[PDB]
Amino acid sequence: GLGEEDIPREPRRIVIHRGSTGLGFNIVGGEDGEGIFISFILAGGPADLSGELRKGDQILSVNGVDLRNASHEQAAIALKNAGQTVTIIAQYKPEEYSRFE
Amino acid sequence: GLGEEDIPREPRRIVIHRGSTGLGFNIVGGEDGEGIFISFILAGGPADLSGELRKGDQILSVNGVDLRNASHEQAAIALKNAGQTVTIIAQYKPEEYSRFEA
């Protein structure tokens, strides 16, 4: 269901169409048990145009690839190779994100 | 004592000095009774350079905190907040690890 600021608490599917330089975000984590978290959304990039991804979203999977325990590089390679239409399963975890970052 | 690949079988202490991205390994487990296991050691990272941690080590404690029954998040936070010099008690359990990760 919806959390305090109208973001689903549960995992949610977000579709990104790739742009000239990528998907328009950056990630941290993938080490010491920290998952893959969105840390940056490029202004005017695909993720920002979509408007659904947020800083503090954990990327749980992309196009059938589980990233819950992936390394940072494994996640970066999976995003690079996911195709022109990328289906991301994300979960909004701003408190957990803040504890790590 | 030493096991078949020259790793102690018993719980052992490992002291890790943190680097720029962390301690240089990742963990799985911490659910449904599975403990916290090292799943990945970053090439050239602190854990790798120390030579003292291996994939299939179970992390039993961090800085005096028992993680045998800790959640994945609790273990990850404990590692994040353990400072620049981290004291880990680990036990090498490659066969048990494979039974959970298969």
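First the proteins, then the strands, lettered A, B, ... as listed; each starts at 1. Just the heavy atoms: all of them, side chains too, but no hydrogens, waters or symmetry mates, feed the values below.
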**OP:** Kindly work out whether a path of hydrophobic side-chain contacts (I/L/V/M/F/W/Y, heavy atoms less than 4.5 Å apart) joins B:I77 to A:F37.
**Re:** yes
**OP:** Step by step, work out the side-chain contact (heavy atoms from CB on, under 4.5 Å) result for B:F40 and A:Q74.
**Re:** CA-CA 11 Å; B:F40 156 91; A:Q74 286 156 15; 4.1 Å; yes
Original post:
What about A:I88 and A:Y92, same hydrophobic cluster or not, with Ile/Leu/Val/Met/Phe/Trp/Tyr joined at side-chain heavy-atom distances under 4.5 Å?
Top reply: no
Original post:
Same hydrophobic cluster for A:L60 and A:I14, using side-chain heavy-atom links shorter than 4.5 Å among ILVMFWY?
Top reply: no
Original post:
Measuring heavy-atom distances to chain A, does B:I38 have an atom under 4.5 Å in its side chain, in its backbone, in both, or in neither?
Top reply: neither
**OP:** For atom CZ of A:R54, decide whether the heavy atoms of other residues, nucleotides or ligands shown that lie under 6.0 angstrom number more than 12.
**Re:** no
Original post:
Taking all atoms of both residues into account, what is the closest heavy-atom pair of A:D32 and B:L23, and its distance?
Top reply: OD2-N, 2.9 Å
Original post:
After noting the C-alpha distance and the side-chain angles of B:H72 and A:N69, does the key distance pass the side-chain contact (heavy atoms from CB on, under 4.5 Å) rule?
Top reply: CA-CA 10 Å; B:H72 192 267; A:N69 310 302; 3.8 Å; yes
Original post:
Should we count NZ of A:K55 as having more than 12 external heavy atoms under 6.0 Å?
Top reply: no
**OP:** For side-chain contact (heavy atoms from CB on, under 4.5 Å), just list the numbers for B:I27 and A:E31, CA-CA rounded to whole Å, side-chain angles, deciding distance to a tenth of an Å, and then say yes or no.
**Re:** CA-CA 8 Å; B:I27 51 162; A:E31 214 188 295; over 6 Å; no
**OP:** Tell me whether B:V86 is reachable from B:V65 by hopping between hydrophobic residues (I, L, V, M, F, W, Y) whose side-chain heavy atoms are closer than 4.5 Å.
**Re:** yes
Original post:
Is there a donor-acceptor contact under 3.5 Å from the side chain of B:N26 to the main chain of A:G33?
Top reply: yes
**OP:** Under the side-chain contact (heavy atoms from CB on, under 4.5 Å) rule, what do B:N81 and A:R99 come out as? Steps first, then yes or no, please.
**Re:** CA-CA 9 Å; B:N81 289 333; A:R99 293 206 56 72; 3.4 Å; yes
